[PDB]
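The chain that follows stands alone, in the form deposited in one PDB entry, written as structure tokens.
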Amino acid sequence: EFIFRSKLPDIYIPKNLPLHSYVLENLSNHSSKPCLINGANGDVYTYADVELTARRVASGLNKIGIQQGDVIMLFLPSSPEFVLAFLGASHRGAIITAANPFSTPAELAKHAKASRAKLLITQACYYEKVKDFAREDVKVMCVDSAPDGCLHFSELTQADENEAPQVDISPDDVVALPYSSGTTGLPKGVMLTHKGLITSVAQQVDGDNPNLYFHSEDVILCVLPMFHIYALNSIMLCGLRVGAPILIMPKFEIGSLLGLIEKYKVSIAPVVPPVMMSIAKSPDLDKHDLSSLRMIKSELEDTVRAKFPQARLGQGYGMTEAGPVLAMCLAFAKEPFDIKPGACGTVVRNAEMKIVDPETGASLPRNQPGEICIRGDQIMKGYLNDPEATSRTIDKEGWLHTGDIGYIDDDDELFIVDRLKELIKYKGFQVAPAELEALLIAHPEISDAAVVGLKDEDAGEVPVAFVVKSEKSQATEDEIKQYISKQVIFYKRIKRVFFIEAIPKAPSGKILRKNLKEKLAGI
């Protein structure tokens, strides 16, 4: 098959360490340097402070009953406490799952119930959102003031680290549980393991020629939310492995970021497009000392490079299930190289990428559009308590099917062409086939299924399903449709059932939905 890889060579990546141990491995090389900088109040935590507090938190976690394997839900804006709680849970062998502090009480409750969260760490003001959920065993802990009977974070930071539990962690054990997007249906718990995250971090900042050339002499900005796996990984974990201080902004005033950048000598600035466009069009650029700016992480490309000639612009491409970094450009490697516009980078090192033909499942060559598939130790172990969904996303040969269409040119550069292609366009609605296939196969007389979109005069496309019912089964199309009908909102409903002997599949196992879609083009 046509396998594509990083333009960089592979590197050594430990396979026998817990995430925290890998990330703080070179602690000694910058023990006393700044690690966490609270932009809100100026507080500074040294690396030694963070490593010690982490072990103490592991002890406190055990003191209040949280144990290995237990889930800890973080409900905090980006902040020092978030980082200390994370490292603490890792040291304890617990799992952390995070949610946006601004979520609604209902989603917060769903997130907490779905993840089996035993502890919830948040701020006082958010206690109001979570009191209805806790009332229905999970313990609530606040970082600032502890309203009513809530626990206080200091119970963890002030605990005696001598009694932190002796724990044996397996690299395959889960440490992070971020929830997937709802692109394939319902948000799902993505199990990122110790080994998985160590690999992702290594891929980014390790080697004598790291894809990302960070170091303790840099200052990394953290204005993106830490609850999102991209920041938690690319900013927090990477910042730590490297020994770089992290400038944390719980909330930032857009428009005065240039001031922050100057005052703290930010060298790496990961920022969303809108904030980036703004500072780039600021008429006061030459009035600030931005001499420290080295990298800015994602038309506007041309102006950015024009307004910050001293800095370099880097590009990436990620997916939660992927760890989540899939690809990066080489613009900021110790040995830098340029990427052509439109490209999003090149597959991360220590991994393999493949482009597959949607209807045959065959490997495509360079310059040919297909679904992006990646394989390597950085991808998730799977979806929490959902092996069926897992085995239908990651084939038996280890390839993660991203669901995105793209191609790789002669320069080994990756170009994304279309996302969410699997979605069915029904009257302005987008229906995910995987969501319906799970309900479908759940039926006792159904062993396999595949849903696709059938063109309709009015609706554009209507969800249809190919079903392989068990031999002996006499279930009719109407019963199947009613069965699904009572389990989902009207627009997600199957309007046709087509029974067949078997669902078209590639040697891999990947069901070929595109193939079935083409089969019905006639109808």
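Residue numbers run from 1 along the displayed sequence. We call the rigid core the largest set of C-alpha positions that still match within 1.5 Å between the two forms.
This protein has a second form, the form deposited in another entry, left out of what is shown; the following refers to that one.
Novice: Which residue moves between the shown form and the other one, judged by a Cα shift of 2 Å or more on the rigid core: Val205, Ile446, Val130, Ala146?
Specialist: Result of the superposition: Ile446 is the only one at 2 Å or more.
Novice: Comparing between the shown form and the other one on the rigid core: C-alpha of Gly345 shifted by 2 Å or more?
Specialist: No: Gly345 shifts by under 2 Å between the shown form and the other one.
Novice: Rigid core fitted, is the C-alpha displacement of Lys263 between the shown form and the other one 2 Å or more?
Specialist: The answer is no; the displacement is under 2 Å.
Novice: Quick check on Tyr426: with the core superposed, does its CA move 2 angstroms or more between the shown form and the other one?
Specialist: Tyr426 C-alpha, core-superposed: shift of 2 Å or more.
Novice: Quick one: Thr183 and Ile372 C-alpha atoms, closer or farther in that other deposited form compared with this form (3 angstroms or more)?
Specialist: Here the pair is farther apart than in that other deposited form; there, closer.
Novice: Quick one: in that other deposited form, is the Cα gap between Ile374 and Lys514 smaller or bigger than here? Answer closer or farther; it shifts by 3 Å or more.
Specialist: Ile374 and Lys514 sit farther apart in that other deposited form.
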